[PDB]
Amino acid sequence: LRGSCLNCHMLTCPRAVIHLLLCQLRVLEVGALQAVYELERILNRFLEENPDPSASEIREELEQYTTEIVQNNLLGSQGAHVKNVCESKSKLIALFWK
Amino acid sequence: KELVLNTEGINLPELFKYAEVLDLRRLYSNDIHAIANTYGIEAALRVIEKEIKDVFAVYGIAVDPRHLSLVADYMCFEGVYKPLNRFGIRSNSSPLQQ
Amino acid sequence: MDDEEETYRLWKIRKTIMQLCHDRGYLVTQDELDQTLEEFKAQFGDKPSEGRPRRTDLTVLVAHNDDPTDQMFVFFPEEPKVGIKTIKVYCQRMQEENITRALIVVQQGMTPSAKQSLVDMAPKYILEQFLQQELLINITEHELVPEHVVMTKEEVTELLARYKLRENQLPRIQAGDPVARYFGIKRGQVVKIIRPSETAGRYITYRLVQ
Amino acid sequence: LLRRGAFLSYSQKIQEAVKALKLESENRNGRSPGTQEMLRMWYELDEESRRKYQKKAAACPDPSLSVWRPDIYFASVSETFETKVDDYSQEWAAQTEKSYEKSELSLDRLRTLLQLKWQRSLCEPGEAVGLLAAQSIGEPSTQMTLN
Amino acid sequence: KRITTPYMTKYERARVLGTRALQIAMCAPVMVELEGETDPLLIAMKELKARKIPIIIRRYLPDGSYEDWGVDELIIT
Amino acid sequence: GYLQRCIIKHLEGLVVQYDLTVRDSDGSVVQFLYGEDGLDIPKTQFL
DNA sequence: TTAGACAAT
DNA sequence: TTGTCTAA
């Protein structure tokens, strides 16, 4: 509630960050962990190419890769009990909370 | 007659200008982070082992090198030099052990 | 005092570069990594006040052993601090002669906007940056530093098929590591680590560059 | 320690007296004209006769217990233990050259005994060595008196 | 294609002799001749030297796979 | 006491697997052979 | 960049 | 009594 708003029910975080975390979290559910640098590489390339709030729902390539990384290794809900996966999943959510 | 600059300070690139006089090939330090940021996590993995051996070897205790190598290969597992405290079990996977 | 004091530094950081290009596969001869600092005074200038060591002409390019198209320049910029301008100056030289890899041997540092444009240039513009300070030692000559060699993907396939192993549950190495920055390794490439152990004689452990 | 490559091992023994000939052309891109001449010789004067890739071996061979694992494959021991076994074989032959005792065993059966006891002394799977390494630095942690 | 240790380890022998000694108790049938003991551990340990314990072991490799070794074919120390 | 308890509970899972690699309680590979050669500490006394 | 807050023997 | 986490 210290990040939200009264009349509009959205938040004060910029849209690039909350797209980056939304794409990184569904990659770490599969437990890819090779793409959590790939997503920040491609969104820095996109935001360098055309910075805009007009990407309201998703960017096309961030959402396209986080669909391809879910489709590849489709049964990857079971390969995500590793230390390194829960490491990044605790670290990124703590970085978004702080 | 192996003369040893047994210093008391921590500056690793301070001594790199004196390469024509010092034998920098067999350099050493107490600090794990200084050699971890200068030489590497594979060269700050053989300093953790030597330092635990020296601390136990002041007091006459002989700890076998397999135990020390196992601890140094556990702590430098993620690529950085992690503790074994409360703030190191957040990397682990099972919450019952946490 | 930059007469002998800079001659020794430039000879040393040329030796660390030409022991780095040989350490990554590039074509370096025996004499190019055994210049006894007299022949370096023969084959370069001496007084930087006279400008006879031309740091705009210390740049060298090498070819790789697998194919001579894969080349790297070793840039020595005169400017102690590097901004957007010198990166855009050098990338004109990179794009005009069709390279993809290059290394910049800065003297003091580089502006964080230029590091952002160095990381985020292009995935087809492979770019690196070394300080003038951390190239007086050649850290792979250290006793505590093992033998690092790169690993091709087929060998990654077989050493994950042996142990019934996934890439999540392998030990890691960061990409800011001075030996992983030394070998210029991107993410995903496993490196092979040959430890001069004292219980055994050698030990092989494998790390993902994460 | 000494560095290795196909081109470097070619250069060392074949081209030093060759580029010791007189050439005084300029540094093309900061590299010596001898090195331009040696890259010329390597690039077109030597094609498919590159036996330097076998003279300089492509690597050292791996340790005997990384390749050919020790639990199945007999006589795959460490390099330190191989050195110890071979030094004791050299010393054992010297003392058994003049020794008026039995000597019921030869060098091969002695080596087979030592390699078998290296294999049988492997830590068996399921050992829980983590607690054994956490007690070895925990039970004399109580004995480290400050004085 | 089974590549693990051909030697039975110590924990293998402990569980095999434990379950086999409980595969002797509760009127369970015995497969060697006995000199007359009442402790089932002696009985189960004499069948180990007999290699008569028929138990198959599923040695769990950490993937989730397993190999089926037989106590008949495992080499005791 | 506390130090030994913490080193215990960060090393409770490192059992040696059948493929002789020291893995944790979830599959995470620490070492490829135990103690960099593979042996045991009690059984290395007469080597 | 630095003071309160939180847990362990 | 440490040592990091959180808020100003």
# chains A, B, ... in the order shown; residues from 1 in each chain; ligands from 1
$ closest_atom_pairs --of "segment 134-181 of chain C" --to "segment 62-75 of chain E" --cutoff "10 Å" --atoms "only C-alpha atoms" --output "JSON lines"
{"residue": "C:163", "atom": "CA", "partner": "E:63", "partner_atom": "CA", "distance": 8.8}
{"residue": "C:164", "atom": "CA", "partner": "E:63", "partner_atom": "CA", "distance": 6.0}
{"residue": "C:165", "atom": "CA", "partner": "E:63", "partner_atom": "CA", "distance": 7.5}
{"residue": "C:166", "atom": "CA", "partner": "E:63", "partner_atom": "CA", "distance": 9.4}
$ residues_around --residues "residue 18 of chain F" --least-positions-apart "2" --cutoff "7 Å" --atoms "only C-alpha atoms (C1' of nucleotides)" --output "PyMOL selection string"
(chain D and resi 125) or (chain E and resi 4+61) or (chain F and resi 16+20)
$ write_last_selection --atoms "N, CA, C and O atoms" --output "mmCIF file, in the first residue's frame"
data_model
loop_
_atom_site.group_PDB
_atom_site.id
_atom_site.type_symbol
_atom_site.label_atom_id
_atom_site.label_comp_id
_atom_site.auth_asym_id
_atom_site.auth_seq_id
_atom_site.Cartn_x
_atom_site.Cartn_y
_atom_site.Cartn_z
ATOM 1 N N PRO D 125 29.105 -45.644 -1.211
ATOM 2 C CA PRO D 125 28.003 -44.701 -1.429
ATOM 3 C C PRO D 125 26.937 -44.785 -0.348
ATOM 4 O O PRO D 125 26.544 -45.868 0.087
ATOM 5 N N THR E 4 27.750 -49.926 -11.307
ATOM 6 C CA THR E 4 27.962 -49.426 -9.958
ATOM 7 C C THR E 4 29.066 -50.282 -9.364
ATOM 8 O O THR E 4 29.740 -51.027 -10.081
ATOM 9 N N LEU E 61 19.980 -44.264 -8.119
ATOM 10 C CA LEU E 61 20.794 -43.174 -8.625
ATOM 11 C C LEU E 61 19.989 -41.876 -8.518
ATOM 12 O O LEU E 61 18.758 -41.915 -8.509
ATOM 13 N N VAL F 16 27.325 -39.309 -0.273
ATOM 14 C CA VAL F 16 28.007 -39.742 -1.489
ATOM 15 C C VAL F 16 27.082 -40.668 -2.261
ATOM 16 O O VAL F 16 26.571 -41.649 -1.711
ATOM 17 N N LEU F 20 30.012 -41.763 -7.863
ATOM 18 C CA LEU F 20 30.678 -41.273 -6.662
ATOM 19 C C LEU F 20 30.902 -39.770 -6.662
ATOM 20 O O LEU F 20 32.047 -39.325 -6.618
#
$ atom_distance --atom1 "atom CA of residue 195 of chain C" --atom2 "atom CA of residue 162 of chain C"
21.0 Å
$ interface_residues --of "chain A" --to "chain C" --cutoff "8 Å" --atoms "only C-alpha atoms" --output "list in words"
residues 31, 32, 33, 34, 41, 44, 45, 82, 83, 84 and 85 of chain A
$ closest_residue --among "F:45, F:2, F:29, F:19" --to "residue 72 of chain D" --atoms "only C-alpha atoms"
F:19
$ residues_around --residues "residue 3 of chain G" --least-positions-apart "6" --cutoff "12 Å" --atoms "only C-alpha atoms (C1' of nucleotides)" --output "list in words"
residues 6, 7 and 8 of chain H
$ closest_residue --among "F:39, F:47, F:8, F:30" --to "chain C" --atoms "only C-alpha atoms"
F:30
$ atom_distance --atom1 "atom CA of residue 88 of chain B" --atom2 "atom CA of residue 12 of chain F"
14.0 Å
$ select_by_dssp --residues "segment 38-107 of chain D" --states "helix (DSSP H, G or I)" --output "PyMOL selection string"
chain D and resi 38-45+52-55+79-97+107
$ atom_distance --atom1 "atom CA of residue 56 of chain B" --atom2 "atom CA of residue 135 of chain D"
13.3 Å
$ interface_residues --of "chain B" --to "chain A" --cutoff "9 Å" --atoms "only C-alpha atoms" --output "MDAnalysis selection string"
chainID B and resid 78 90:94
$ closest_residue --among "D:146, D:94, D:57, D:77" --to "chain F" --atoms "only C-alpha atoms"
D:77
$ residues_around --residues "residue 205 of chain C" --least-positions-apart "4" --cutoff "7 Å" --atoms "only C-alpha atoms (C1' of nucleotides)" --output "VMD selection string"
(chain C and resid 192 to 194) or (chain F and resid 32)
$ interface_residues --of "chain B" --to "chain G" --cutoff "12 Å" --atoms "only C-alpha atoms (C1' of nucleotides)" --output "list in words"
residues 85, 86 and 87 of chain B
$ write_last_selection --atoms "N, CA and C atoms" --output "CSV table (one decimal), in the first residue's frame"
chain,number,residue,atom,x,y,z
B,85,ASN,N,25.7,-19.2,7.8
B,85,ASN,CA,24.9,-18.6,8.9
B,85,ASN,C,23.4,-18.8,8.6
B,86,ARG,N,22.6,-18.0,9.3
B,86,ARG,CA,21.2,-17.9,9.0
B,86,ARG,C,20.9,-17.4,7.6
B,87,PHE,N,21.8,-16.5,7.2
B,87,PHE,CA,21.6,-15.8,5.9
B,87,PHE,C,22.2,-16.6,4.7
$ closest_residue --among "D:6, D:113, D:123, D:20" --to "residue 59 of chain D" --atoms "only C-alpha atoms"
D:6
